[PDB]
file data.txt (compact mmCIF, N, CA and C atoms and all ligand atoms)
# COMPACT_ATOMS: atom_id res chain seq x y z
N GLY A 1 -42.98 52.31 -39.04
CA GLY A 1 -42.06 53.22 -38.39
C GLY A 1 -40.61 52.89 -38.69
N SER A 2 -39.78 52.90 -37.65
CA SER A 2 -38.36 52.60 -37.80
C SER A 2 -37.86 51.71 -36.66
N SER A 3 -36.67 51.14 -36.84
CA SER A 3 -36.09 50.27 -35.83
C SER A 3 -34.79 49.64 -36.34
N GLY A 4 -33.93 49.25 -35.41
CA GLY A 4 -32.66 48.65 -35.78
C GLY A 4 -32.26 47.53 -34.84
N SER A 5 -32.16 47.85 -33.55
CA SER A 5 -31.78 46.86 -32.55
C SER A 5 -30.35 46.38 -32.78
N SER A 6 -29.68 45.97 -31.71
CA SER A 6 -28.31 45.48 -31.80
C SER A 6 -27.98 44.58 -30.61
N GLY A 7 -28.29 45.05 -29.41
CA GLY A 7 -28.01 44.28 -28.21
C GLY A 7 -26.65 44.59 -27.63
N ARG A 8 -26.07 43.61 -26.94
CA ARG A 8 -24.76 43.78 -26.33
C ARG A 8 -24.79 44.89 -25.28
N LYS A 9 -24.26 44.59 -24.10
CA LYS A 9 -24.23 45.56 -23.01
C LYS A 9 -23.20 45.16 -21.95
N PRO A 10 -21.99 45.73 -22.05
CA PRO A 10 -20.91 45.45 -21.11
C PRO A 10 -21.17 46.03 -19.73
N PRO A 11 -20.66 45.34 -18.69
CA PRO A 11 -20.84 45.77 -17.30
C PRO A 11 -20.04 47.03 -16.98
N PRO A 12 -20.64 47.91 -16.16
CA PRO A 12 -20.00 49.17 -15.76
C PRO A 12 -18.82 48.95 -14.82
N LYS A 13 -17.85 49.85 -14.88
CA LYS A 13 -16.66 49.76 -14.04
C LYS A 13 -17.04 49.82 -12.56
N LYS A 14 -16.23 49.20 -11.72
CA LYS A 14 -16.48 49.19 -10.28
C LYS A 14 -16.05 50.51 -9.64
N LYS A 15 -16.98 51.16 -8.96
CA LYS A 15 -16.70 52.43 -8.30
C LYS A 15 -17.69 52.69 -7.17
N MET A 16 -17.26 52.40 -5.95
CA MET A 16 -18.11 52.61 -4.78
C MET A 16 -17.66 53.83 -3.99
N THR A 17 -18.46 54.21 -2.99
CA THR A 17 -18.14 55.37 -2.16
C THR A 17 -17.73 54.94 -0.76
N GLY A 18 -16.49 55.26 -0.38
CA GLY A 18 -16.00 54.90 0.93
C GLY A 18 -16.34 55.94 1.98
N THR A 19 -17.43 55.72 2.70
CA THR A 19 -17.86 56.65 3.74
C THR A 19 -17.11 56.41 5.04
N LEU A 20 -17.42 57.21 6.06
CA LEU A 20 -16.77 57.08 7.36
C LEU A 20 -15.33 57.57 7.30
N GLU A 21 -15.09 58.61 6.51
CA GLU A 21 -13.76 59.18 6.36
C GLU A 21 -13.70 60.59 6.93
N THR A 22 -14.45 60.82 8.00
CA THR A 22 -14.49 62.13 8.64
C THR A 22 -14.52 63.25 7.60
N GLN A 23 -15.00 62.93 6.40
CA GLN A 23 -15.08 63.90 5.32
C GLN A 23 -16.42 63.81 4.61
N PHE A 24 -17.00 64.96 4.29
CA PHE A 24 -18.29 65.01 3.61
C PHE A 24 -18.45 66.32 2.85
N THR A 25 -19.34 66.32 1.86
CA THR A 25 -19.59 67.51 1.05
C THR A 25 -20.31 68.58 1.86
N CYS A 26 -20.06 69.84 1.52
CA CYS A 26 -20.69 70.96 2.22
C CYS A 26 -21.74 71.62 1.33
N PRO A 27 -23.00 71.58 1.78
CA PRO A 27 -24.12 72.18 1.05
C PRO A 27 -24.07 73.70 1.04
N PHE A 28 -23.23 74.26 1.91
CA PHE A 28 -23.09 75.71 2.00
C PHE A 28 -22.23 76.25 0.86
N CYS A 29 -21.05 75.66 0.69
CA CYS A 29 -20.13 76.07 -0.36
C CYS A 29 -19.95 74.97 -1.40
N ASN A 30 -20.00 73.72 -0.94
CA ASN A 30 -19.84 72.58 -1.83
C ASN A 30 -18.46 72.57 -2.48
N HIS A 31 -17.46 72.13 -1.73
CA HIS A 31 -16.10 72.07 -2.23
C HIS A 31 -15.50 70.68 -2.04
N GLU A 32 -16.34 69.66 -2.20
CA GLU A 32 -15.90 68.28 -2.04
C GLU A 32 -15.34 68.04 -0.64
N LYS A 33 -14.85 66.83 -0.40
CA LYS A 33 -14.29 66.47 0.89
C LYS A 33 -13.58 67.67 1.53
N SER A 34 -14.32 68.42 2.34
CA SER A 34 -13.77 69.59 3.01
C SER A 34 -14.52 69.88 4.31
N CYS A 35 -14.76 68.83 5.08
CA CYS A 35 -15.47 68.97 6.35
C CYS A 35 -15.03 67.89 7.33
N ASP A 36 -14.99 68.24 8.61
CA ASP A 36 -14.59 67.30 9.65
C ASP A 36 -15.72 67.09 10.66
N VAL A 37 -16.01 65.83 10.96
CA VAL A 37 -17.06 65.49 11.91
C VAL A 37 -16.48 65.12 13.27
N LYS A 38 -16.88 65.87 14.30
CA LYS A 38 -16.40 65.62 15.66
C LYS A 38 -17.42 64.82 16.46
N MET A 39 -17.12 63.56 16.72
CA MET A 39 -18.02 62.70 17.48
C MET A 39 -17.66 62.72 18.96
N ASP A 40 -18.36 63.57 19.72
CA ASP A 40 -18.12 63.68 21.15
C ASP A 40 -19.05 62.76 21.93
N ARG A 41 -18.50 61.66 22.43
CA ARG A 41 -19.28 60.69 23.19
C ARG A 41 -19.62 61.24 24.58
N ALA A 42 -18.59 61.65 25.31
CA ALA A 42 -18.77 62.19 26.65
C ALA A 42 -20.02 63.06 26.72
N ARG A 43 -20.24 63.86 25.68
CA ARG A 43 -21.40 64.74 25.63
C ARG A 43 -22.46 64.20 24.67
N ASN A 44 -22.09 63.15 23.93
CA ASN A 44 -23.01 62.54 22.97
C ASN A 44 -23.57 63.58 22.01
N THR A 45 -22.69 64.41 21.47
CA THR A 45 -23.09 65.46 20.53
C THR A 45 -22.10 65.59 19.39
N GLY A 46 -22.54 65.27 18.18
CA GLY A 46 -21.68 65.36 17.02
C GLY A 46 -21.67 66.74 16.41
N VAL A 47 -20.48 67.34 16.32
CA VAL A 47 -20.34 68.67 15.75
C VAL A 47 -19.57 68.63 14.43
N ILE A 48 -20.20 69.10 13.37
CA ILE A 48 -19.58 69.12 12.05
C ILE A 48 -19.04 70.51 11.72
N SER A 49 -18.11 70.57 10.77
CA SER A 49 -17.52 71.84 10.36
C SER A 49 -17.01 71.76 8.92
N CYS A 50 -16.80 72.92 8.31
CA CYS A 50 -16.32 72.98 6.94
C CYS A 50 -14.88 73.49 6.89
N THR A 51 -14.23 73.30 5.74
CA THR A 51 -12.85 73.73 5.57
C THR A 51 -12.71 74.62 4.33
N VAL A 52 -13.73 75.44 4.08
CA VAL A 52 -13.71 76.34 2.94
C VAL A 52 -14.53 77.60 3.22
N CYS A 53 -15.70 77.42 3.81
CA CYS A 53 -16.58 78.54 4.13
C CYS A 53 -16.52 78.86 5.62
N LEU A 54 -15.87 77.98 6.38
CA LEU A 54 -15.74 78.17 7.83
C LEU A 54 -17.10 78.06 8.51
N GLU A 55 -17.73 76.90 8.37
CA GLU A 55 -19.04 76.67 8.98
C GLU A 55 -18.96 75.58 10.04
N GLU A 56 -19.99 75.49 10.87
CA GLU A 56 -20.04 74.49 11.93
C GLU A 56 -21.47 74.24 12.38
N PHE A 57 -21.74 73.01 12.81
CA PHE A 57 -23.07 72.63 13.26
C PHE A 57 -23.00 71.61 14.40
N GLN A 58 -23.98 71.65 15.29
CA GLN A 58 -24.02 70.73 16.42
C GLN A 58 -25.28 69.87 16.37
N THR A 59 -25.15 68.63 16.83
CA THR A 59 -26.27 67.70 16.83
C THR A 59 -26.03 66.54 17.79
N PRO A 60 -27.09 66.10 18.48
CA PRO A 60 -27.02 65.00 19.44
C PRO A 60 -26.77 63.65 18.76
N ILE A 61 -25.78 62.92 19.25
CA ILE A 61 -25.45 61.62 18.69
C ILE A 61 -25.21 60.59 19.79
N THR A 62 -24.79 59.39 19.40
CA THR A 62 -24.52 58.32 20.35
C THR A 62 -23.40 57.42 19.87
N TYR A 63 -23.15 56.34 20.61
CA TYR A 63 -22.09 55.40 20.25
C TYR A 63 -22.43 54.67 18.95
N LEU A 64 -23.70 54.33 18.79
CA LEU A 64 -24.16 53.63 17.59
C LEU A 64 -24.09 54.54 16.37
N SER A 65 -24.45 55.81 16.56
CA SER A 65 -24.43 56.78 15.47
C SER A 65 -23.13 56.69 14.68
N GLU A 66 -23.13 57.27 13.48
CA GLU A 66 -21.95 57.25 12.63
C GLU A 66 -21.61 58.65 12.14
N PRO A 67 -20.34 58.85 11.73
CA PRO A 67 -19.86 60.14 11.23
C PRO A 67 -20.46 60.50 9.88
N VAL A 68 -21.16 59.55 9.27
CA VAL A 68 -21.78 59.77 7.97
C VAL A 68 -23.22 60.25 8.13
N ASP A 69 -23.85 59.85 9.23
CA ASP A 69 -25.23 60.24 9.50
C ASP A 69 -25.32 61.73 9.82
N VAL A 70 -24.47 62.19 10.74
CA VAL A 70 -24.46 63.59 11.13
C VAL A 70 -24.53 64.51 9.91
N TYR A 71 -23.78 64.15 8.87
CA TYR A 71 -23.76 64.94 7.65
C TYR A 71 -25.17 65.14 7.10
N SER A 72 -25.88 64.04 6.90
CA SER A 72 -27.24 64.09 6.37
C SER A 72 -28.11 65.02 7.21
N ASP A 73 -28.10 64.81 8.52
CA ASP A 73 -28.89 65.63 9.44
C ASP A 73 -28.60 67.11 9.21
N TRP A 74 -27.32 67.46 9.12
CA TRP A 74 -26.92 68.84 8.91
C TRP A 74 -27.64 69.44 7.71
N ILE A 75 -27.86 68.62 6.69
CA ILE A 75 -28.55 69.08 5.49
C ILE A 75 -29.97 69.52 5.79
N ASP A 76 -30.81 68.58 6.20
CA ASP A 76 -32.20 68.87 6.53
C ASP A 76 -32.28 69.94 7.61
N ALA A 77 -31.29 69.96 8.50
CA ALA A 77 -31.26 70.93 9.58
C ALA A 77 -31.07 72.35 9.04
N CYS A 78 -30.43 72.46 7.89
CA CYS A 78 -30.19 73.75 7.26
C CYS A 78 -31.32 74.12 6.31
N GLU A 79 -31.64 73.20 5.40
CA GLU A 79 -32.70 73.43 4.43
C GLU A 79 -34.05 73.57 5.12
N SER A 80 -34.13 73.08 6.36
CA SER A 80 -35.36 73.14 7.13
C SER A 80 -35.22 72.38 8.44
N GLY A 81 -34.66 73.05 9.45
CA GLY A 81 -34.47 72.43 10.74
C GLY A 81 -33.46 73.16 11.60
N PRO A 82 -33.80 74.40 12.00
CA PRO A 82 -32.92 75.23 12.83
C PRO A 82 -32.80 74.70 14.25
N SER A 83 -31.66 74.08 14.55
CA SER A 83 -31.42 73.52 15.87
C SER A 83 -31.09 74.63 16.87
N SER A 84 -31.48 74.42 18.13
CA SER A 84 -31.23 75.40 19.18
C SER A 84 -30.11 74.93 20.10
N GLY A 85 -30.29 73.74 20.67
CA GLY A 85 -29.29 73.19 21.57
C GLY A 85 -29.77 73.13 23.00
ZN ZN B 1 -18.67 74.99 3.38

call {"tool": "encode", "arguments": {"input": "data.txt", "output": "structure tokens", "more": "lines below"}}
Ligand SMILES: [Zn+2]
result
Amino acid sequence: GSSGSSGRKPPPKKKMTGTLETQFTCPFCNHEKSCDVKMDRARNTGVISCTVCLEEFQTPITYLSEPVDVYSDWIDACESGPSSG
């Protein structure tokens, strides 16, 4: 058959994702950091919203919960999980 080989493999540049910035992608319109997560403790209910399509969602949260989790939930809640309240 065929073959050559060479080797050598430099390390990839450092690039991580800084979560917990009250910002997340919107699966509805998808316009990058364009959403705000409202963590209401008194009511223990996190409400998310968009800044392009004008959307909003509500979900039960707690002190331990994070502003990054609510985002994920909103996804499954839309693709399959109609919340009532
Ligand atoms: Zn949107």

call {"tool": "closest_residue", "arguments": {"input": "data.txt", "among": "A:10, A:18, A:32, A:53", "to": "ligand ZN 1 (chain B)", "atoms": "only C-alpha atoms and all ligand atoms"}}
result
A:53

call {"tool": "residues_near_ligand", "arguments": {"input": "data.txt", "ligand": "ligand ZN 1 (chain B)", "cutoff": "6 Å", "atoms": "only C-alpha atoms and all ligand atoms", "output": "PyMOL selection string"}}
result
chain A and resi 26+28-30+50+52-53+55

call {"tool": "axis_aligned_box", "arguments": {"input": "data.txt", "around": "stretch 32-46 of chain A", "padding_each_side": "8 Å", "output": "lines of an AutoDock Vina configuration file"}}
result
center_x = -18.6
center_y = 65.3
center_z = 12.3
size_x = 26.0
size_y = 25.2
size_z = 44.9

call {"tool": "closest_residue", "arguments": {"input": "data.txt", "among": "A:78, A:54, A:44, A:15", "to": "residue A:31", "atoms": "only C-alpha atoms"}}
result
A:54

call {"tool": "residues_near_point", "arguments": {"input": "data.txt", "point": "(-20.5, 71.5, 15.2)", "cutoff": "6 Å", "atoms": "only C-alpha atoms", "output": "ChimeraX atom specification"}}
result
/A:47-49,56-58

call {"tool": "write_last_selection", "arguments": {"input": "data.txt", "atoms": "N, CA and C atoms", "output": "JSON list (two decimals), in the frame of the given file"}}
result
[["chain", "number", "residue", "atom", "x", "y", "z"],
["A", 47, "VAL", "N", -20.48, 67.34, 16.32],
["A", 47, "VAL", "CA", -20.34, 68.67, 15.75],
["A", 47, "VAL", "C", -19.57, 68.63, 14.43],
["A", 48, "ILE", "N", -20.20, 69.10, 13.37],
["A", 48, "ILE", "CA", -19.58, 69.12, 12.05],
["A", 48, "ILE", "C", -19.04, 70.51, 11.72],
["A", 49, "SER", "N", -18.11, 70.57, 10.77],
["A", 49, "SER", "CA", -17.52, 71.84, 10.36],
["A", 49, "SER", "C", -17.01, 71.76, 8.92],
["A", 56, "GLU", "N", -19.99, 75.49, 10.87],
["A", 56, "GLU", "CA", -20.04, 74.49, 11.93],
["A", 56, "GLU", "C", -21.47, 74.24, 12.38],
["A", 57, "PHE", "N", -21.74, 73.01, 12.81],
["A", 57, "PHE", "CA", -23.07, 72.63, 13.26],
["A", 57, "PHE", "C", -23.00, 71.61, 14.40],
["A", 58, "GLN", "N", -23.98, 71.65, 15.29],
["A", 58, "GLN", "CA", -24.02, 70.73, 16.42],
["A", 58, "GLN", "C", -25.28, 69.87, 16.37]]

call {"tool": "residues_around", "arguments": {"input": "data.txt", "residues": "stretch 59-72 of chain A", "least_positions_apart": "2", "cutoff": "8 Å", "atoms": "all atoms listed in the file", "output": "PDB file with N, CA and C atoms, in the coordinates of the input"}}
result
ATOM      1  N   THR A  19     -17.430  55.720   2.700  1.00  0.00           N
ATOM      2  CA  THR A  19     -17.860  56.650   3.740  1.00  0.00           C
ATOM      3  C   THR A  19     -17.110  56.410   5.040  1.00  0.00           C
ATOM      4  N   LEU A  20     -17.420  57.210   6.060  1.00  0.00           N
ATOM      5  CA  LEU A  20     -16.770  57.080   7.360  1.00  0.00           C
ATOM      6  C   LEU A  20     -15.330  57.570   7.300  1.00  0.00           C
ATOM      7  N   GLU A  21     -15.090  58.610   6.510  1.00  0.00           N
ATOM      8  CA  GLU A  21     -13.760  59.180   6.360  1.00  0.00           C
ATOM      9  C   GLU A  21     -13.700  60.590   6.930  1.00  0.00           C
ATOM     10  N   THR A  22     -14.450  60.820   8.000  1.00  0.00           N
ATOM     11  CA  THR A  22     -14.490  62.130   8.640  1.00  0.00           C
ATOM     12  C   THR A  22     -14.520  63.250   7.600  1.00  0.00           C
ATOM     13  N   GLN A  23     -15.000  62.930   6.400  1.00  0.00           N
ATOM     14  CA  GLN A  23     -15.080  63.900   5.320  1.00  0.00           C
ATOM     15  C   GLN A  23     -16.420  63.810   4.610  1.00  0.00           C
ATOM     16  N   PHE A  24     -17.000  64.960   4.290  1.00  0.00           N
ATOM     17  CA  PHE A  24     -18.290  65.010   3.610  1.00  0.00           C
ATOM     18  C   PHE A  24     -18.450  66.320   2.850  1.00  0.00           C
ATOM     19  N   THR A  25     -19.340  66.320   1.860  1.00  0.00           N
ATOM     20  CA  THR A  25     -19.590  67.510   1.050  1.00  0.00           C
ATOM     21  C   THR A  25     -20.310  68.580   1.860  1.00  0.00           C
ATOM     22  N   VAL A  37     -16.010  65.830  10.960  1.00  0.00           N
ATOM     23  CA  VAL A  37     -17.060  65.490  11.910  1.00  0.00           C
ATOM     24  C   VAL A  37     -16.480  65.120  13.270  1.00  0.00           C
ATOM     25  N   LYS A  38     -16.880  65.870  14.300  1.00  0.00           N
ATOM     26  CA  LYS A  38     -16.400  65.620  15.660  1.00  0.00           C
ATOM     27  C   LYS A  38     -17.420  64.820  16.460  1.00  0.00           C
ATOM     28  N   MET A  39     -17.120  63.560  16.720  1.00  0.00           N
ATOM     29  CA  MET A  39     -18.020  62.700  17.480  1.00  0.00           C
ATOM     30  C   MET A  39     -17.660  62.720  18.960  1.00  0.00           C
ATOM     31  N   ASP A  40     -18.360  63.570  19.720  1.00  0.00           N
ATOM     32  CA  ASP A  40     -18.120  63.680  21.150  1.00  0.00           C
ATOM     33  C   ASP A  40     -19.050  62.760  21.930  1.00  0.00           C
ATOM     34  N   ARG A  41     -18.500  61.660  22.430  1.00  0.00           N
ATOM     35  CA  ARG A  41     -19.280  60.690  23.190  1.00  0.00           C
ATOM     36  C   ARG A  41     -19.620  61.240  24.580  1.00  0.00           C
ATOM     37  N   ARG A  43     -20.240  63.860  25.680  1.00  0.00           N
ATOM     38  CA  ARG A  43     -21.400  64.740  25.630  1.00  0.00           C
ATOM     39  C   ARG A  43     -22.460  64.200  24.670  1.00  0.00           C
ATOM     40  N   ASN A  44     -22.090  63.150  23.930  1.00  0.00           N
ATOM     41  CA  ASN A  44     -23.010  62.540  22.970  1.00  0.00           C
ATOM     42  C   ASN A  44     -23.570  63.580  22.010  1.00  0.00           C
ATOM     43  N   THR A  45     -22.690  64.410  21.470  1.00  0.00           N
ATOM     44  CA  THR A  45     -23.090  65.460  20.530  1.00  0.00           C
ATOM     45  C   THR A  45     -22.100  65.590  19.390  1.00  0.00           C
ATOM     46  N   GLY A  46     -22.540  65.270  18.180  1.00  0.00           N
ATOM     47  CA  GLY A  46     -21.680  65.360  17.020  1.00  0.00           C
ATOM     48  C   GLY A  46     -21.670  66.740  16.410  1.00  0.00           C
ATOM     49  N   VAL A  47     -20.480  67.340  16.320  1.00  0.00           N
ATOM     50  CA  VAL A  47     -20.340  68.670  15.750  1.00  0.00           C
ATOM     51  C   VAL A  47     -19.570  68.630  14.430  1.00  0.00           C
ATOM     52  N   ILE A  48     -20.200  69.100  13.370  1.00  0.00           N
ATOM     53  CA  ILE A  48     -19.580  69.120  12.050  1.00  0.00           C
ATOM     54  C   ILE A  48     -19.040  70.510  11.720  1.00  0.00           C
ATOM     55  N   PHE A  57     -21.740  73.010  12.810  1.00  0.00           N
ATOM     56  CA  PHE A  57     -23.070  72.630  13.260  1.00  0.00           C
ATOM     57  C   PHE A  57     -23.000  71.610  14.400  1.00  0.00           C
ATOM     58  N   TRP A  74     -27.320  67.460   9.120  1.00  0.00           N
ATOM     59  CA  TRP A  74     -26.920  68.840   8.910  1.00  0.00           C
ATOM     60  C   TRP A  74     -27.640  69.440   7.710  1.00  0.00           C
ATOM     61  N   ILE A  75     -27.860  68.620   6.690  1.00  0.00           N
ATOM     62  CA  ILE A  75     -28.550  69.080   5.490  1.00  0.00           C
ATOM     63  C   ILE A  75     -29.970  69.520   5.790  1.00  0.00           C
ATOM     64  N   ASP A  76     -30.810  68.580   6.200  1.00  0.00           N
ATOM     65  CA  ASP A  76     -32.200  68.870   6.530  1.00  0.00           C
ATOM     66  C   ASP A  76     -32.280  69.940   7.610  1.00  0.00           C
ATOM     67  N   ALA A  77     -31.290  69.960   8.500  1.00  0.00           N
ATOM     68  CA  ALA A  77     -31.260  70.930   9.580  1.00  0.00           C
ATOM     69  C   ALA A  77     -31.070  72.350   9.040  1.00  0.00           C
ATOM     70  N   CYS A  78     -30.430  72.460   7.890  1.00  0.00           N
ATOM     71  CA  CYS A  78     -30.190  73.750   7.260  1.00  0.00           C
ATOM     72  C   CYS A  78     -31.320  74.120   6.310  1.00  0.00           C
ATOM     73  N   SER A  83     -31.660  74.080  14.550  1.00  0.00           N
ATOM     74  CA  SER A  83     -31.420  73.520  15.870  1.00  0.00           C
ATOM     75  C   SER A  83     -31.090  74.630  16.870  1.00  0.00           C
ATOM     76  N   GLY A  85     -30.290  73.740  20.670  1.00  0.00           N
ATOM     77  CA  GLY A  85     -29.290  73.190  21.570  1.00  0.00           C
ATOM     78  C   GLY A  85     -29.770  73.130  23.000  1.00  0.00           C
TER      79      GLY A  85
END

call {"tool": "build_atoms", "arguments": {"input": "data.txt", "residues": "stretch 65-77 of chain A", "atoms": "N, CA, C and O atoms", "output": "PDB file, in the frame of the given file"}}
result
ATOM      1  N   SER A  65     -24.450  55.810  16.560  1.00  0.00           N
ATOM      2  CA  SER A  65     -24.430  56.780  15.470  1.00  0.00           C
ATOM      3  C   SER A  65     -23.130  56.690  14.680  1.00  0.00           C
ATOM      4  O   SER A  65     -22.153  56.100  15.139  1.00  0.00           O
ATOM      5  N   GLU A  66     -23.130  57.270  13.480  1.00  0.00           N
ATOM      6  CA  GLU A  66     -21.950  57.250  12.630  1.00  0.00           C
ATOM      7  C   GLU A  66     -21.610  58.650  12.140  1.00  0.00           C
ATOM      8  O   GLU A  66     -22.446  59.555  12.127  1.00  0.00           O
ATOM      9  N   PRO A  67     -20.340  58.850  11.730  1.00  0.00           N
ATOM     10  CA  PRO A  67     -19.860  60.140  11.230  1.00  0.00           C
ATOM     11  C   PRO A  67     -20.460  60.500   9.880  1.00  0.00           C
ATOM     12  O   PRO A  67     -20.297  61.623   9.398  1.00  0.00           O
ATOM     13  N   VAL A  68     -21.160  59.550   9.270  1.00  0.00           N
ATOM     14  CA  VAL A  68     -21.780  59.770   7.970  1.00  0.00           C
ATOM     15  C   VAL A  68     -23.220  60.250   8.130  1.00  0.00           C
ATOM     16  O   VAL A  68     -23.746  60.956   7.272  1.00  0.00           O
ATOM     17  N   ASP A  69     -23.850  59.850   9.230  1.00  0.00           N
ATOM     18  CA  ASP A  69     -25.230  60.240   9.500  1.00  0.00           C
ATOM     19  C   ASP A  69     -25.320  61.730   9.820  1.00  0.00           C
ATOM     20  O   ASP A  69     -26.143  62.450   9.251  1.00  0.00           O
ATOM     21  N   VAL A  70     -24.470  62.190  10.740  1.00  0.00           N
ATOM     22  CA  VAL A  70     -24.460  63.590  11.130  1.00  0.00           C
ATOM     23  C   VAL A  70     -24.530  64.510   9.910  1.00  0.00           C
ATOM     24  O   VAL A  70     -25.241  65.509   9.920  1.00  0.00           O
ATOM     25  N   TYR A  71     -23.780  64.150   8.870  1.00  0.00           N
ATOM     26  CA  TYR A  71     -23.760  64.940   7.650  1.00  0.00           C
ATOM     27  C   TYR A  71     -25.170  65.140   7.100  1.00  0.00           C
ATOM     28  O   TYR A  71     -25.605  66.269   6.865  1.00  0.00           O
ATOM     29  N   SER A  72     -25.880  64.040   6.900  1.00  0.00           N
ATOM     30  CA  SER A  72     -27.240  64.090   6.370  1.00  0.00           C
ATOM     31  C   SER A  72     -28.110  65.020   7.210  1.00  0.00           C
ATOM     32  O   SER A  72     -28.777  65.907   6.680  1.00  0.00           O
ATOM     33  N   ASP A  73     -28.100  64.810   8.520  1.00  0.00           N
ATOM     34  CA  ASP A  73     -28.890  65.630   9.440  1.00  0.00           C
ATOM     35  C   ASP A  73     -28.600  67.110   9.210  1.00  0.00           C
ATOM     36  O   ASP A  73     -29.523  67.925   9.127  1.00  0.00           O
ATOM     37  N   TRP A  74     -27.320  67.460   9.120  1.00  0.00           N
ATOM     38  CA  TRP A  74     -26.920  68.840   8.910  1.00  0.00           C
ATOM     39  C   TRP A  74     -27.640  69.440   7.710  1.00  0.00           C
ATOM     40  O   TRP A  74     -27.980  70.627   7.712  1.00  0.00           O
ATOM     41  N   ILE A  75     -27.860  68.620   6.690  1.00  0.00           N
ATOM     42  CA  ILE A  75     -28.550  69.080   5.490  1.00  0.00           C
ATOM     43  C   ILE A  75     -29.970  69.520   5.790  1.00  0.00           C
ATOM     44  O   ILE A  75     -30.302  70.702   5.668  1.00  0.00           O
ATOM     45  N   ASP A  76     -30.810  68.580   6.200  1.00  0.00           N
ATOM     46  CA  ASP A  76     -32.200  68.870   6.530  1.00  0.00           C
ATOM     47  C   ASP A  76     -32.280  69.940   7.610  1.00  0.00           C
ATOM     48  O   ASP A  76     -33.222  70.736   7.640  1.00  0.00           O
ATOM     49  N   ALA A  77     -31.290  69.960   8.500  1.00  0.00           N
ATOM     50  CA  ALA A  77     -31.260  70.930   9.580  1.00  0.00           C
ATOM     51  C   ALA A  77     -31.070  72.350   9.040  1.00  0.00           C
ATOM     52  O   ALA A  77     -31.502  73.321   9.666  1.00  0.00           O
TER      53      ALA A  77
END
